[PDB]
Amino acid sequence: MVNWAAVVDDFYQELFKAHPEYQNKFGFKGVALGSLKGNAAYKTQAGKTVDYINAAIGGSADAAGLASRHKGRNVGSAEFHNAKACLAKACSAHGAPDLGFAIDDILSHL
């Protein structure tokens, strides 16, 4: 099966490398990027991200609800466009399909 967990790990490496300040909104704020896999807050967040991807592909994802939740953290369209780029890189590095369609669905509610 597609190793979405590995894709997600690379995604966060790309995301926080390009936009380190985004990491301050998370429970693993301040943690060195190279050590995130050993952080409990990160493990939970990564798991939820993997789940969301599998839900988008599976057809059960609630893109409107995820979009609203992000707005509730002052995360909007600009951040998701940046994320779209980081995720494309991560997908490509693992021979996984691009997930732009899934991010676009979230964007349609931002």
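Just count from 1 along the sequence shown to find any residue number.
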TODO: Would you determine, from the values in the PDB entry, which of 53-61 and 75-83 has the greater average C-alpha temperature factor?
DONE: 75-83
TODO: Compare the mean C-alpha B-factor of 9-17 with that of 90-98 as given in the PDB entry, and name the stretch with the higher value.
DONE: 90-98
- [ ] Within this chain's modelled residues, let me know which third the CA B factor of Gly38 belongs to: lowest, middle or highest.
- [x] middle
TODO: Could you tell me which third, lowest, middle or highest, the C-alpha B-factor of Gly30 occupies within its chain?
DONE: highest
